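Below sits a lone chain in structure tokens, taken as the form deposited in one PDB entry.
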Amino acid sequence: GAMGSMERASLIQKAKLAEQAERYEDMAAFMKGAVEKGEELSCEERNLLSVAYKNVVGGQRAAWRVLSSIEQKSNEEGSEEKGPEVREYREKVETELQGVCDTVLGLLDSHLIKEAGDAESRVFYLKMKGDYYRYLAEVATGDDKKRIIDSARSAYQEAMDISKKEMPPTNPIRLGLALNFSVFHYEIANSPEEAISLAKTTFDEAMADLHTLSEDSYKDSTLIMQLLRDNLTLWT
């Protein structure tokens, strides 16, 4: 694409500069270019990819929520008609958000997932696939909403199955997958009991494995375990 003429290593270097400068759209474009070189991504590079797009879509999701809330208020009884503008602009933001999700899902399908054989890579990418279908589900209101939800579910479930077989219960990728799948259950699938069960079982199995870890690994795992606890506290 636009990044076709830039060296892979230069794209990676510039993604890191973009991160330092908090230029996440640039970072994402650099990492898209790197993926399109066709080589597999290292661990560091996978995390650059995920950071970039998470920040871009995160901003779009926050904006969408603002606009949706305004739109909902406009449609209450007693609200003065303001014309089509709120809907139009929410739709604009929504369409851009869907585009970013489609771009990420496209990179995963062409061809990151199919070349990912190690558990750490494959689970990472399947978690991403679940996440970006979850973002699509957040804004879905039509005939395909069930199918979008099921696509998220299926990706998370495959990641979960691999992670349970191939990773220790304290592995940060495994933990973060479970955190997010739990939120999927609560917020998307209308399954709060499943969400709570998953978060609690994940926490407790991780706590039992902390004894095996170095100081630095312990720090990494306990950080995510605290997020599980934070959600459990929100939900109970």
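All residue numbers refer to positions in the sequence shown, first residue = 1. Rigid core here is just the name for the largest C-alpha set that superposes within 1.5 Å across the two forms.
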| task | Check whether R87 has no coordinates in at least a third of the other compared PDB entries of this protein, counting only entries that model residues on both sides of it. | result | no
| Is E120 missing in a third or more of the other PDB entries that were compared? | no
| request: Can you let me know which of the two, 143-151 or 102-110, has the higher average C-alpha B-factor in the entry? | output: 143-151
| task | Pick between 18-26 and 212-220: the one whose mean CA B-factor in the entry is higher. | result | 212-220
| Between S50, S182, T202, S68, which one tops the list for C-alpha B-factor in the PDB entry? | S68
| Of the three thirds of its chain by CA temperature factor, lowest, middle or highest, which one includes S163? | middle
| query | By the record's CA B-factor, is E80 among the lowest, middle or highest third of residues in the chain? | reply | highest
| query | Taking the C-alpha B-factors as the PDB entry records them, is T170 in the lowest, middle or highest third of its chain? | reply | middle
| Lowest, middle or highest third - CA B-factor, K129 | lowest
| message | Based on the deposited C-alpha B factors for this chain, I'd like to know if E187 is in the lowest, middle or highest third. | response | highest
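In what follows, reference is made to the form deposited in another entry, a form of this protein that is not presented.
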| field | Exceeds or equals 2 Å, Cα of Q226 between the shown form and the other one, core fit | value | no
| query | Can a Cα shift of no less than 2 Å be assigned to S214 between the shown form and the other one, given superposition on the rigid core? | reply | yes
